[PDB]
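See below for target12.tsv, which holds TSV, C-alpha atoms.
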```tsv
chain	number	residue	atom	x	y	z
M	1	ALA	CA	0.00	0.00	0.00
M	2	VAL	CA	1.01	3.65	0.41
M	3	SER	CA	1.48	5.54	3.67
M	4	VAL	CA	2.83	8.72	5.16
M	5	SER	CA	6.31	9.22	6.66
M	6	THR	CA	8.23	11.37	9.12
M	7	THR	CA	9.95	13.45	6.43
M	8	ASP	CA	6.91	13.05	4.14
M	9	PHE	CA	4.91	15.01	6.71
M	10	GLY	CA	7.76	17.48	7.18
M	11	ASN	CA	7.74	18.20	3.46
M	12	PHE	CA	4.01	18.80	3.76
M	13	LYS	CA	4.39	21.41	6.48
M	14	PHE	CA	7.24	22.91	4.53
M	15	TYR	CA	5.89	23.49	1.04
M	16	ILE	CA	2.77	25.54	1.92
M	17	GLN	CA	5.18	28.27	2.88
M	18	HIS	CA	6.10	28.37	-0.83
M	19	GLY	CA	2.39	28.00	-1.56
M	20	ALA	CA	1.46	30.91	0.73
M	21	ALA	CA	4.47	32.78	-0.61
M	22	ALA	CA	3.17	32.72	-4.17
M	23	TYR	CA	0.56	35.14	-2.78
M	24	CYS	CA	3.07	38.00	-2.74
M	25	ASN	CA	6.38	37.03	-4.37
M	26	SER	CA	4.64	36.58	-7.70
M	27	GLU	CA	5.72	40.13	-8.40
M	28	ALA	CA	9.21	39.99	-6.91
M	29	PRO	CA	12.21	40.92	-9.13
M	30	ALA	CA	14.99	38.46	-9.85
M	31	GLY	CA	17.56	38.22	-7.05
M	32	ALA	CA	14.93	39.27	-4.50
M	33	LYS	CA	14.49	37.12	-1.41
M	34	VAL	CA	11.28	35.15	-1.12
M	35	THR	CA	9.59	36.91	1.78
M	36	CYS	CA	6.24	36.72	3.53
M	37	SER	CA	4.65	38.92	6.17
M	38	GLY	CA	2.66	37.46	9.05
M	39	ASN	CA	5.04	34.51	9.47
M	40	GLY	CA	3.71	33.41	6.09
M	41	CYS	CA	6.82	31.42	5.25
M	42	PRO	CA	9.54	31.78	7.96
M	43	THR	CA	11.36	28.58	7.00
M	44	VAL	CA	11.64	29.69	3.38
M	45	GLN	CA	13.14	32.94	4.68
M	46	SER	CA	15.42	31.09	7.11
M	47	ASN	CA	16.97	29.24	4.18
M	48	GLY	CA	18.12	31.53	1.39
M	49	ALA	CA	15.14	31.16	-0.97
M	50	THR	CA	15.64	33.64	-3.81
M	51	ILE	CA	13.60	34.49	-6.91
M	52	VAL	CA	14.88	33.45	-10.31
M	53	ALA	CA	11.90	35.12	-11.90
M	54	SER	CA	8.29	35.97	-11.19
M	55	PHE	CA	5.44	36.13	-13.68
M	56	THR	CA	1.77	36.98	-14.07
M	57	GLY	CA	-0.84	36.20	-16.68
M	58	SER	CA	-2.80	39.43	-16.94
M	59	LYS	CA	-5.66	37.88	-18.90
M	60	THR	CA	-6.10	35.15	-16.35
M	61	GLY	CA	-4.92	36.21	-12.88
M	62	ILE	CA	-2.42	33.38	-12.61
M	63	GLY	CA	0.82	34.35	-10.95
M	64	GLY	CA	3.90	32.47	-9.92
M	65	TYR	CA	7.62	32.41	-9.25
M	66	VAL	CA	10.69	30.21	-9.44
M	67	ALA	CA	13.02	30.23	-6.46
M	68	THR	CA	16.23	28.52	-5.45
M	69	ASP	CA	16.92	27.17	-1.97
M	70	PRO	CA	20.65	27.29	-1.07
M	71	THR	CA	19.84	25.29	2.07
M	72	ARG	CA	17.55	22.62	0.60
M	73	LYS	CA	19.45	22.45	-2.67
M	74	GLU	CA	16.24	22.58	-4.71
M	75	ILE	CA	14.34	24.66	-7.24
M	76	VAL	CA	10.66	25.33	-6.55
M	77	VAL	CA	7.98	26.68	-8.95
M	78	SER	CA	5.10	28.27	-6.97
M	79	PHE	CA	1.77	29.32	-8.43
M	80	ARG	CA	-0.73	31.43	-6.46
M	81	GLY	CA	-4.32	30.53	-5.80
M	82	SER	CA	-7.43	32.70	-5.82
M	83	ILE	CA	-7.49	35.85	-3.69
M	84	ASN	CA	-11.25	35.45	-3.91
M	85	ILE	CA	-12.07	31.73	-3.58
M	86	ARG	CA	-15.65	31.91	-2.27
M	87	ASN	CA	-16.20	33.89	-5.47
M	88	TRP	CA	-14.76	31.10	-7.60
M	89	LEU	CA	-17.10	28.63	-5.95
M	90	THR	CA	-20.21	30.66	-6.74
M	91	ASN	CA	-19.28	30.79	-10.44
M	92	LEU	CA	-18.98	27.02	-10.80
M	93	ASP	CA	-16.04	26.98	-13.24
M	94	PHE	CA	-16.39	23.48	-14.73
M	95	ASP	CA	-16.04	23.80	-18.50
M	96	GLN	CA	-13.33	21.46	-19.73
M	97	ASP	CA	-11.26	21.81	-22.87
M	98	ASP	CA	-9.24	19.27	-24.79
M	99	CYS	CA	-5.72	18.42	-23.73
M	100	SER	CA	-2.85	16.87	-25.69
M	101	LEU	CA	-0.90	15.14	-22.92
M	102	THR	CA	-2.44	11.71	-23.43
M	103	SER	CA	-4.94	10.04	-25.70
M	104	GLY	CA	-8.44	11.35	-25.03
M	105	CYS	CA	-7.15	13.80	-22.43
M	106	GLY	CA	-9.60	16.33	-21.02
M	107	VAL	CA	-8.74	19.33	-18.84
M	108	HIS	CA	-10.34	22.33	-17.07
M	109	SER	CA	-10.14	25.39	-19.35
M	110	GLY	CA	-9.13	28.00	-16.80
M	111	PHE	CA	-6.33	26.00	-15.21
M	112	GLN	CA	-4.85	25.13	-18.59
M	113	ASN	CA	-5.33	28.66	-19.95
M	114	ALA	CA	-3.62	30.08	-16.87
M	115	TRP	CA	-0.75	27.66	-17.35
M	116	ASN	CA	-0.56	28.63	-20.97
M	117	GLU	CA	-0.52	32.29	-20.21
M	118	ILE	CA	2.62	32.06	-18.11
M	119	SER	CA	4.28	28.81	-19.27
M	120	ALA	CA	7.17	30.25	-21.33
M	121	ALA	CA	8.47	32.43	-18.51
M	122	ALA	CA	7.73	29.70	-16.01
M	123	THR	CA	9.77	27.18	-18.03
M	124	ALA	CA	12.81	29.34	-18.75
M	125	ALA	CA	13.03	30.35	-15.08
M	126	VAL	CA	13.19	26.71	-14.03
M	127	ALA	CA	15.93	26.22	-16.61
M	128	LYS	CA	17.83	29.41	-15.71
M	129	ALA	CA	18.13	28.24	-12.10
M	130	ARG	CA	18.64	24.68	-13.30
M	131	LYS	CA	21.84	25.42	-15.19
M	132	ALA	CA	22.96	27.74	-12.37
M	133	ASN	CA	22.54	25.01	-9.77
M	134	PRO	CA	23.04	21.71	-11.69
M	135	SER	CA	22.76	19.65	-8.49
M	136	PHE	CA	19.40	20.97	-7.21
M	137	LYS	CA	16.21	18.97	-7.72
M	138	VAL	CA	12.90	20.54	-8.78
M	139	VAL	CA	9.49	20.84	-7.12
M	140	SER	CA	6.17	22.26	-8.30
M	141	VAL	CA	3.90	23.73	-5.58
M	142	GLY	CA	0.59	25.56	-5.24
M	143	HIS	CA	-2.37	25.93	-2.87
M	144	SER	CA	-5.96	26.14	-4.13
M	145	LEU	CA	-6.56	26.83	-7.81
M	146	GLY	CA	-2.90	27.68	-7.54
M	147	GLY	CA	-2.33	23.98	-7.01
M	148	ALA	CA	-4.40	23.00	-10.05
M	149	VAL	CA	-2.19	24.95	-12.39
M	150	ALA	CA	0.67	23.52	-10.31
M	151	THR	CA	-0.14	20.00	-11.48
M	152	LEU	CA	-0.19	20.90	-15.19
M	153	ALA	CA	3.14	22.77	-15.06
M	154	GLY	CA	4.41	19.67	-13.37
M	155	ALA	CA	3.05	17.41	-16.08
M	156	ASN	CA	4.40	19.59	-18.84
M	157	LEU	CA	7.73	20.46	-17.24
M	158	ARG	CA	8.23	16.70	-16.91
M	159	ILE	CA	7.59	15.87	-20.58
M	160	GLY	CA	9.83	18.86	-21.04
M	161	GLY	CA	12.68	16.74	-19.74
M	162	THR	CA	13.12	18.04	-16.22
M	163	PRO	CA	11.90	15.53	-13.57
M	164	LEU	CA	9.59	16.77	-10.83
M	165	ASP	CA	7.66	16.21	-7.64
M	166	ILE	CA	4.38	18.14	-7.28
M	167	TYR	CA	3.10	19.34	-3.89
M	168	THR	CA	-0.48	20.62	-3.67
M	169	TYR	CA	-2.86	21.81	-0.94
M	170	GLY	CA	-6.62	22.14	-1.38
M	171	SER	CA	-6.24	21.62	-5.11
M	172	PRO	CA	-9.36	21.10	-7.13
M	173	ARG	CA	-9.52	18.11	-9.46
M	174	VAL	CA	-7.66	19.29	-12.55
M	175	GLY	CA	-8.55	17.02	-15.49
M	176	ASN	CA	-10.32	13.79	-16.45
M	177	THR	CA	-9.70	10.09	-15.94
M	178	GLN	CA	-6.83	9.88	-18.43
M	179	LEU	CA	-5.16	13.19	-17.59
M	180	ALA	CA	-5.16	12.24	-13.90
M	181	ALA	CA	-3.76	8.83	-14.81
M	182	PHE	CA	-1.04	10.28	-17.00
M	183	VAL	CA	0.24	12.54	-14.20
M	184	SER	CA	-0.27	9.81	-11.57
M	185	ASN	CA	1.75	7.32	-13.65
M	186	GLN	CA	4.19	10.00	-14.70
M	187	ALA	CA	7.52	9.35	-12.98
M	188	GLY	CA	7.76	11.35	-9.79
M	189	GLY	CA	5.34	11.98	-6.97
M	190	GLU	CA	2.13	13.99	-6.81
M	191	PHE	CA	1.47	14.52	-3.10
M	192	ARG	CA	-1.85	16.32	-2.90
M	193	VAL	CA	-2.91	17.30	0.59
M	194	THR	CA	-6.52	18.01	1.52
M	195	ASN	CA	-7.87	19.52	4.76
M	196	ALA	CA	-10.91	18.04	6.51
M	197	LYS	CA	-14.00	19.24	4.63
M	198	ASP	CA	-12.39	21.86	2.37
M	199	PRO	CA	-15.05	22.25	-0.35
M	200	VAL	CA	-12.68	22.81	-3.27
M	201	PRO	CA	-10.73	19.50	-3.26
M	202	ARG	CA	-14.03	17.97	-4.41
M	203	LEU	CA	-14.46	20.12	-7.53
M	204	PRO	CA	-15.15	19.94	-10.28
M	205	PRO	CA	-17.66	17.06	-9.64
M	206	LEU	CA	-16.89	13.41	-10.30
M	207	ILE	CA	-20.11	13.37	-12.30
M	208	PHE	CA	-18.55	15.81	-14.74
M	209	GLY	CA	-15.63	13.65	-15.78
M	210	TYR	CA	-13.11	15.24	-13.45
M	211	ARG	CA	-10.99	12.73	-11.55
M	212	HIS	CA	-8.02	13.21	-9.21
M	213	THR	CA	-4.41	12.08	-8.89
M	214	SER	CA	-3.45	9.34	-6.45
M	215	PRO	CA	-2.69	9.22	-3.64
M	216	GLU	CA	-4.40	11.71	-1.35
M	217	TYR	CA	-2.93	12.75	2.01
M	218	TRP	CA	-6.06	13.85	3.90
M	219	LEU	CA	-5.85	15.74	7.20
M	220	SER	CA	-8.56	14.09	9.29
M	221	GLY	CA	-9.80	16.53	11.88
M	222	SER	CA	-12.32	19.33	12.41
M	223	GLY	CA	-9.90	21.66	10.71
M	224	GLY	CA	-12.01	24.75	10.67
M	225	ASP	CA	-9.08	26.96	11.46
M	226	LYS	CA	-6.98	24.12	12.92
M	227	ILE	CA	-3.23	24.29	12.31
M	228	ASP	CA	-1.80	21.63	14.62
M	229	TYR	CA	-2.29	18.42	12.63
M	230	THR	CA	0.38	15.74	12.84
M	231	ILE	CA	1.44	12.61	10.96
M	232	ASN	CA	-1.05	10.67	13.06
M	233	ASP	CA	-4.01	12.79	11.87
M	234	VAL	CA	-3.28	11.76	8.31
M	235	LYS	CA	-5.24	9.21	6.29
M	236	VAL	CA	-4.34	7.91	2.83
M	237	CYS	CA	-7.00	7.14	0.21
M	238	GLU	CA	-5.74	5.82	-3.11
M	239	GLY	CA	-7.43	5.89	-6.54
M	240	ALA	CA	-8.87	8.35	-9.08
M	241	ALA	CA	-12.47	8.26	-7.84
M	242	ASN	CA	-12.14	7.77	-4.06
M	243	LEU	CA	-14.56	9.61	-1.76
M	244	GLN	CA	-13.56	7.88	1.47
M	245	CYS	CA	-11.82	11.08	2.42
M	246	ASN	CA	-12.12	14.73	1.33
M	247	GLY	CA	-14.42	14.10	-1.63
M	248	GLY	CA	-17.45	12.64	0.09
M	249	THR	CA	-17.41	15.30	2.82
M	250	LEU	CA	-19.86	18.22	3.02
M	251	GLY	CA	-20.53	21.77	4.03
M	252	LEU	CA	-19.00	25.08	3.14
M	253	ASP	CA	-16.00	25.12	5.49
M	254	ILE	CA	-13.96	27.48	3.27
M	255	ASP	CA	-12.00	28.30	6.43
M	256	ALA	CA	-10.39	24.89	6.12
M	257	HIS	CA	-9.35	25.54	2.52
M	258	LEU	CA	-7.57	28.53	4.02
M	259	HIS	CA	-5.67	26.47	6.59
M	260	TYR	CA	-3.02	23.87	5.77
M	261	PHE	CA	-0.58	23.59	8.66
M	262	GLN	CA	-0.85	27.38	8.73
M	263	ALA	CA	-2.69	30.37	7.32
M	264	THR	CA	-2.72	30.28	3.52
M	265	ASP	CA	-3.81	33.90	3.34
M	266	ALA	CA	-1.03	35.15	5.60
M	267	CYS	CA	0.57	37.15	2.70
M	268	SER	CA	-2.43	38.55	1.16
M	290	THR	CA	-23.53	36.43	-6.22
M	291	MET	CA	-25.57	33.95	-4.13
M	292	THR	CA	-26.18	33.39	-0.40
M	293	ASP	CA	-24.29	31.03	1.88
M	294	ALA	CA	-26.85	28.37	2.75
M	295	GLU	CA	-27.33	28.55	-1.00
M	296	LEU	CA	-23.74	27.95	-2.11
M	297	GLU	CA	-23.59	25.15	0.46
M	298	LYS	CA	-26.65	23.35	-0.85
M	299	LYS	CA	-25.46	23.43	-4.46
M	300	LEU	CA	-22.07	22.08	-3.45
M	301	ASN	CA	-23.57	19.39	-1.23
M	302	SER	CA	-25.84	18.42	-4.10
M	303	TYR	CA	-22.77	17.66	-6.19
M	304	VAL	CA	-21.00	15.40	-3.71
M	305	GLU	CA	-24.40	13.80	-3.31
M	306	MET	CA	-24.36	13.08	-7.06
M	307	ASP	CA	-20.71	11.98	-6.99
M	308	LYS	CA	-21.57	9.37	-4.40
M	309	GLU	CA	-24.56	8.03	-6.33
M	310	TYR	CA	-22.16	7.73	-9.29
M	311	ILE	CA	-19.61	5.71	-7.36
M	312	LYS	CA	-22.44	3.70	-5.83
M	313	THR	CA	-23.84	2.67	-9.21
M	314	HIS	CA	-20.45	1.64	-10.62
M	315	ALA	CA	-19.44	-0.48	-7.64
M	316	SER	CA	-19.83	-3.72	-9.60
M	317	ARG	CA	-17.87	-2.43	-12.60
M	318	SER	CA	-14.28	-2.45	-13.87
```
Please rewrite the model in this file as structure tokens.
Amino acid sequence: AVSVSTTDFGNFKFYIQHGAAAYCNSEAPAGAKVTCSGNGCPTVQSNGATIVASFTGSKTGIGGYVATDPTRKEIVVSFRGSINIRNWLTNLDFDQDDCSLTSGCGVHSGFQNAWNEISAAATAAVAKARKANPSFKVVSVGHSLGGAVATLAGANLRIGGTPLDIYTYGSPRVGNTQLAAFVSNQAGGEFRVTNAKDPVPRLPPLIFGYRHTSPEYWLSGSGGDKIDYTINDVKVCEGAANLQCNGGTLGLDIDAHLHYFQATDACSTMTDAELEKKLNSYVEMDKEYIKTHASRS
């Protein structure tokens, strides 16, 4: 099977700093020092994390940066999430375009467009700090929608030749059965962490083709605004369509999406009961789907 480990959990608590950092260093000039206010990413600042380049896709809001860690001897590519997530949920962004990563590959427009808007810069930056530190390994991070785009850049950077390791937090499903499989089976790891009943890790809906990457390192707790989870609060659900963890949960605990070992937001058209019902409705459909395919495969 698959499980969690001492250093596996340490990596988890460590990368959201780069995730939460994308929320304000996605404008930083080369040479600058990755920095966060509100203890957003103290460890990153303790080491000598520096920007190789930052970038932003005007037409799409995506933003990201490539930094080098003199201490960790690694190169990280961080993409920022939504500054207005509850907004994103009310708009139900589910339309999926075609993808050319694998046969019959489907992907979520937005995420792919965002990746496409800033891919060239993103790529070169990874290379620029790749040649300048030929020993360092690479990592692709991102929290929230930021994590979605983080998976694609991982998938593409890989086919690009440079091996990866993607770390995500509260990421929404990014593509369909075969795109999720491609990345899953793609050499390297895709550690996606989910917090309690965060409503975004279960979108878009299973019923709409969207699947996930395996495994899933779920933080089993009340979450809410909880920050003190530990290895022993972790669960591990494997498989594309598994709802024994995050997916399969309910409510509108957005607070949890905003808390993964720390505050995500440290750096910086419908009611509530309403948004919550619609979302519930979906996971209620996703379960009926899984239910009715039990005897398949």
Which residues, protein or nucleic acid, reach to within 12 Å of (13.5, 35.2, -19.5) in the file's coordinates when using only C-alpha atoms, and can you give that as a PyMOL selection string?
chain M and resi 29-30+52-55+66+118-129
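Minimum atom-to-atom distances from M:8, M:309, M:93, M:225 to residue 200 (chain M) were compared using only C-alpha atoms, and the lowest value belongs to M:93.
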Could you list, as JSON, numbers by chain, every residue within 12 Å of residue 84 (chain M), counting all atoms listed in the file and ignoring same-chain residues fewer than 3 positions away?
{"M": [23, 61, 80, 81, 87, 88, 89, 90, 91, 144, 145, 146, 254, 257, 258, 265, 268]}
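Interatomic distance, CA of residue 109 (chain M) to CA of residue 296 (chain M): 22.1 Å.
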For a quick check of understanding, using all atoms listed in the file, which of M:300, M:250, M:317, M:234 has the smallest distance to residue 6 (chain M)?
M:234
Which residues are near region 237-244 of chain M? Cut-off 6 Å, all atoms listed in the file, ignore same chain within fewer than 6 positions. Put them as a ChimeraX atom specification.
/M:211-216
Pick out the residues sitting within 7 Å of residue 62 (chain M), and hand them over as number ranges by chain; count all atoms listed in the file, and ignore anything fewer than 4 positions along from it in its own chain.
M: 56-57, 80, 114
Within 12 Å of residue 95 (chain M) using all atoms listed in the file, minus same-chain residues under 3 positions, as number ranges by chain:
M: 91-92, 98, 106-113, 174-176, 203-205, 208-210
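With distances restricted to only C-alpha atoms, M:307 is the closest residue to residue 206 (chain M) from M:69, M:74, M:228, M:307.
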Within 12 Å of file point (6.6, 40.7, 7.6), counting all atoms listed in the file, expressed as number ranges by chain
M: 21, 24, 34-42, 45, 266-268
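The shortest atom-to-atom distance to residue 2 (chain M), with all atoms listed in the file taken into account, belongs to M:191 out of M:115, M:79, M:191, M:182.
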